[PDB]
Number of protein chains: 2
Amino acid sequence: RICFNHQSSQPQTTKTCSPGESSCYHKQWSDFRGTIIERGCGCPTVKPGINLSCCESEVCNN
Amino acid sequence: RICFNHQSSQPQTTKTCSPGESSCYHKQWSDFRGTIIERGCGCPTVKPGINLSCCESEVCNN
């Protein structure tokens, strides 16, 4: 599985996930800077209020 | 939980999921006609070749 791992509006970067991993994630919140996005491999648990998205296809998390 | 349940780029419609359901889904594939989007409550099982995205927030599946 290949997942995007770039932050917010940065130039797109990718990461090859560890074997057995079939999910990519998109985590969004806000700070003084504006809209923040964290991307990676997997599907982590987030604190209430944080928007989370998980997908199961190559570079599905833009 | 409230999720979008409209197809492709058709007028937006939502659906009230059953209690306990915290997920919304976004499934995308391409038939002879091209890109097709399907939305709803939960996070269903999908066939290989169809891109599934599940999110956990109100009408998160646009």
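Residues numbered from 1 in each chain as written, not as in the entry; some residues may be left out. Chains lettered and ligands numbered in written order. Heavy atoms only, no water.

Per the deposited record, the coordinates in this entry were obtained by X-ray crystallography to a resolution of 2.0 Å.

Per the PDB entry, chain A carries the name Erabutoxin c and comes from Laticauda semifasciata. In the PDB, the structure is listed with the title "X-RAY STRUCTURE OF ERABUTOXIN C, A DIMERIC NEUROTOXIN". For chain A, the Function (literature references left out) comment in UniProt is given as "Binds to muscle nicotinic acetylcholine receptor (nAChR) and inhibit acetylcholine from binding to the receptor, thereby impairing neuromuscular transmission. Binds to Torpedo marmorata nAChR (Kd=0.14 nM)." Annotation of chain A in UniProt includes, under Sequence similarities, the sentence "Belongs to the three-finger toxin family. Short-chain subfamily. Type I alpha-neurotoxin sub-subfamily." (UniProt positions renumbered as here; feature names shortened; annotations may be inferred.)

A. Focus on the state of the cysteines. Residues and elements named next belong to chain B. Tallied over the full model, the rule gives eight disulfides over all chains. Between the sulfur atoms of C17 and its disulfide partner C41 the distance amounts to 2.0 Å. Here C17 and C41 share a disulfide; its torsion about the S-S bond, -75°, makes the bridge left-handed. Taken together, the residues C17 in the loop between β2 (14–16) and β3 (24–31) and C41 in strand β4 (residues 34–41) connect sequence positions 24 residues apart. When its relative accessible area of 17% is taken as the criterion, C41 is described as buried. Ordinal numbering of bonded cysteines along chain A defines a disulfide pattern of 1-3, 2-4, 5-6, 7-8. (Disulfide = S-S within 2.5 Å. Helix = DSSP H or I, 4+ residues; strand = E, 2+ residues; numbered from the N terminus. Buried < 20%, exposed > 50% of the residue type's maximum accessible area, 1.4 Å probe, protein only.)

B. Structural view of the interface of chain A and chain B. Tallying the contact residues gives seven residues for chain A and eight residues for chain B. Each partner contributes to the roughly 580 Å² buried at the junction of chain A and chain B, and carbon and sulfur atoms together form 38% of this total. Together, A:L52, A:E56 and A:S57 form the three largest contributors to the area buried by chain A at its contact with chain B, with a combined 57%. On inspection of chain A and its partner chain B, the count reaches zero salt bridges. Our count for the chain A to chain B interface comes out at five residue pairs in polar contact. Sheet topology places strand β5 (residues 51–55) of chain A next to strand β5 (residues 51–55) of chain B; three bridges connect them, and they run antiparallel. Bridged to A:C55 within β5(B) is B:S53. (Contact = heavy atoms within 4.5 Å. Buried area = accessible area lost by both parts, 1.4 Å probe. Salt bridge = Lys/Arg side-chain N within 4 Å of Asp/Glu carboxyl O. Polar contact = N/O pair within 3.5 Å; in protein donor to acceptor, adjacent residues only side chain to side chain. Pairing = 2+ DSSP bridges.)

C. A look at the pairing of β3(B). Residues and elements named next belong to chain B. One ladder, built from eight bridges, connects β3 with β4; its direction is antiparallel. Counted as the bridge partner of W29 is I36 from β4. Hairpin connection, β3 to β4: the antiparallel pair is bridged by two residues.

D. Local environment of the relation of the copies chain A and chain B. The transformation that overlays chain A on chain B combines an axial shift of 0.0 Å with a rotation of 178°, and the residual RMSD is 0.7 Å. In short, the pair behaves as if placed about a two-fold rotation axis. When each C-alpha of chain A is compared by its distance to the rotation axis, A:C54 comes out closest, at 2.6 Å. Comparing contact sets, 100% of the residues at the interface of chain A also lie at the interface in chain B, consistent with an isologous, same-surface contact. (Least-squares fit on C-alpha atoms.)

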